[PDB]
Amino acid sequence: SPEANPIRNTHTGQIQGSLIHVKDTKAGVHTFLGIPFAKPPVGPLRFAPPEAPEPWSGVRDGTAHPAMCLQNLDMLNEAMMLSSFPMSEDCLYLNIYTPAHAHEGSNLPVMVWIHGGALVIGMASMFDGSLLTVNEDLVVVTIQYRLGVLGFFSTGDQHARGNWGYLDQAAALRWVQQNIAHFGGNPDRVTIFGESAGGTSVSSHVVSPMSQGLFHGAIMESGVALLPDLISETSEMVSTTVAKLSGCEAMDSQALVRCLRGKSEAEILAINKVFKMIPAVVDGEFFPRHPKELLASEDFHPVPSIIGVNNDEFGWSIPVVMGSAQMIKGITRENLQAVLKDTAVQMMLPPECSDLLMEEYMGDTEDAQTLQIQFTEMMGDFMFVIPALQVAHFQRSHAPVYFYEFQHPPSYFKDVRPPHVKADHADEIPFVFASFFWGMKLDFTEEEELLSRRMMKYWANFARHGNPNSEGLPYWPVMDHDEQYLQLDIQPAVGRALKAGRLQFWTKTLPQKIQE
């Protein structure tokens, strides 16, 4: 029988969790919250690799959510007295959801969720794994990792190599290998999954040599390792911005890192506040080479993967949160050329390419509303769709890739945002978790409940077998030379060669015009 207050072993000592959802489910869920997977990255461990967590005597309380990593709460709120929730540099914790029948040796598949938030916001407690664990009989782990300046500050040299947050994620995955059997998970059957910066994180583990053997499958929702804003060949803009805001100017790398280690949490938060996103670098430990080189390597051996995108990734929430929404509403045929020259610069293209962008996405269009929708379409393709299609192409010659486009505009958002918005950024997450953030219930239509049951079963079948297919689910073909992908909506359908024209434009036509 499941205990009300179950006690489990870890390498660092015993922990007590909770039994929940006994009434509204068959046989309930065990939660174990706030488990340390690394030593707190404070004092000299700020801008240093994660180190082994300390052992304890007695039974650790696993009934409270951990502190979130330091982040800008205004931005997290744009994405509720979040000021009452604990926030600390001491934030390297993970949460576990298990079916209440699980014990040492149950050998259930494990799914490890890596949250998004552009590597500057988010927390594990936002994602309640309870319904995924009970509906699909698996262990769900939600992890934290250092965010913003504390996660991704680099000097480009030995004093701060960078990618602290990715090293944290790998430390959490090593904890899962070491400990998950004590909670009834099979460490040989771990799937990493994540959305947006979390998808980028997952895709980054898929290429990182020191992450190999920490997982057996990968699910990348609306983000991969080539998401342009989250990967950089230079450390220079971030480090010079941080030196200026911190008052640690006119210092070498060694003195800059020493100066930044003396800063309080409040001083770090004030420096951190300007970053709406922060990139990973080629740090040498996590990425020995740029992800594009690792993906193209003849020695690349990716795990089986699901990779997918939504049909309106830049439709509403990203431009609103990033503060580009006002500029977009200002687009007309009169200023379009100037907007596309500015956009070309942000895309790291020559501003001469603005005419090619205009012809590809806007053509002869005059209507301002249509131009603004074409602009968001272009941004979504550049940031999410083309990178996803490129990574899927690099992987699928080595290992199974199942590709999806999620298309369903959620019923509960119809009155909250413009009616032209289709499946926005993050719209698929509640279909995978069968709940909104913090496990809050949603008024799904009957049709939406079926799409959620299907997506949960595809994901869990993939966690079990590296193949999403099973009886009663529409057949999802593996991605091969026919470029097949599953269109996820109320009536799922198979498509071929998603946005093949756009892929030709971005990967062949546009680089040819640049070469000239």
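Residue numbers run from 1 along the displayed sequence.
Asks: In this entry, is the chain continuous from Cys353 to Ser354, or are deposited residues missing in between (none, 1 to 3, 4 to 9, 10 or more)?
Replies: Per the record, no deposited residues are absent between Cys353 and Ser354.
Asks: Which is higher on average in the deposited entry, the C-alpha temperature factors of 296-304 or of 214-222?
Replies: It is 296-304.
Asks: Return whichever of 319-327 and 429-437 has the greater mean Cα B factor according to the PDB record.
Replies: According to the entry, 319-327 carries the higher average C-alpha B-factor.
Asks: Given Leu147, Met362, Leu138, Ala100, identify the residue with the highest C-alpha B factor in the PDB entry.
Replies: In the PDB entry, the greatest C-alpha B-factor among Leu147, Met362, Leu138, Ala100 is found at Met362.
Asks: Whose C-alpha has the highest temperature factor in the PDB entry: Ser232, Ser204, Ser130, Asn107?
Replies: Highest CA B-factor of the listed options: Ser232.
Asks: Within this chain's modelled residues, let me know which third the CA B factor of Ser18 belongs to: lowest, middle or highest.
Replies: It belongs to the middle third of the chain when residues are ordered by C-alpha B-factor.
Asks: Please place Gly184 in the lowest, middle or highest third of its chain according to the CA B-factor in the PDB entry.
Replies: Lowest third, going by the recorded CA B-factors of the chain.
Asks: Taking the entry's C-alpha B-factors for this chain, is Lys263 in the lowest, middle or highest third?
Replies: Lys263: CA B-factor falls in the middle third of its chain.
Asks: Taking the entry's C-alpha B-factors for this chain, is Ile271 in the lowest, middle or highest third?
Replies: Its C-alpha B-factor, which the entry lists for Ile271, ranks in the middle third among residues of this chain.
Asks: For the chain shown, is the CA B-factor of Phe413 in the lowest, middle or highest third of its modelled residues?
Replies: Tercile = highest for this residue's CA B-factor.
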